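Single chain ahead, written as structure tokens, the form deposited in one PDB entry.
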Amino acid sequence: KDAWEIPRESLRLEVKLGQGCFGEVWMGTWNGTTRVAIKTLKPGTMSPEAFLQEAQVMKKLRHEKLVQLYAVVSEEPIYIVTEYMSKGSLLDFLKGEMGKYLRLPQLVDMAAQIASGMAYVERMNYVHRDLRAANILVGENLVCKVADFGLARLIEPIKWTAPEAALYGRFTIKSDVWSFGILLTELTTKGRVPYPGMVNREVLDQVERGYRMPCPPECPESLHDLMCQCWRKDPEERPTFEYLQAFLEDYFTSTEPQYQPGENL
């Protein structure tokens, strides 16, 4: 077994935070000292070989904007120990009591962090396939991180999916860029569902005819332009995450030097 393997008695599961058919998620303590998130896998749901393959991936990706794997109990029942993201999902963060205080400088810094995590995914030649606010985790001091997208995919959203991926199964880093554009609308609306009022079938129909969401209220046109680059019909014309990270990092000097705070953004 690996240097990642830990004894079962070194973990305390203190608070249950989430529940699905896959298993559960807990806040707990590791070795009596370390605050951790503990994801359990229900026995019998997944092939040990498949878990072994995904575990290898998890132990190879280290990035400050990717939630860090800490340890594993890799025999059934399986436990997965990661750094604890104390605010939960970005979706819940934006919808909850904090959303009303967030302004455009905070939201764009959050987007820059997520781009930085996806930039790393990009240069490691991986694909997320479900980039959206429900799958981003938030910690203290507005830190945002990309979660365990590989394990998520194995365990398993038309409105976040690029058309070539939704129709033809063409999932690439360029379809993650499209999703990142949708996530920009989540940030600027404080977590509203995209394409408000439209059902999935009409979203798909319209987007093929060239429909794109309009500029959200109080969002600068230059940020809506960036969204529209992410939603280019040709995937190869969409920008890289490396470009998205640099544009968002530099935004309030290079792009909107005259930004003034408003009622909501």
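Start at 1 with the first residue shown and count on from there. Superpose the two forms; the largest set of C-alphas matching within 1.5 Å is the rigid core.
- In the other compared entries of this protein that model both flanking residues, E156 lacks coordinates in at least a third of them.
- Counting the unmodelled positions of the deposited sequence between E156 and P157 gives a long gap of 10 or more residues.
- Remark: stretch with higher mean C-alpha B factor among 144-152 and 174-182 is 144-152.
- Averaged over their C-alpha atoms, the temperature factors of 85-93 and 161-169 are higher for 161-169.
- Across the residues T33, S222, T240, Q229, the deposited record lists the maximum Cα B factor for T33.
- Across the residues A37, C215, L66, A50, the deposited record lists the maximum Cα B factor for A50.
- Among the modelled residues of its chain, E76 has a C-alpha B-factor that falls in the highest third according to the deposited record.
Another form exists, deposited in another entry; not displayed. Remarks below refer to it.
- In a core superposition between this form and the one not shown, the Cα of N31 is the only one among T240, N31, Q206, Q229 shifting by 2 Å or more.
- Once the rigid core is overlaid between this form and the one not shown, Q19 counts among the residues whose Cα shifts by 2 Å or more.
- For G99, a C-alpha deviation below 2 angstroms is recorded between this form and the one not shown after rigid-core alignment.
- Shown in the overlay between this form and the one not shown, fitted on the rigid core, is a CA shift at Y120 smaller than 2 Å.
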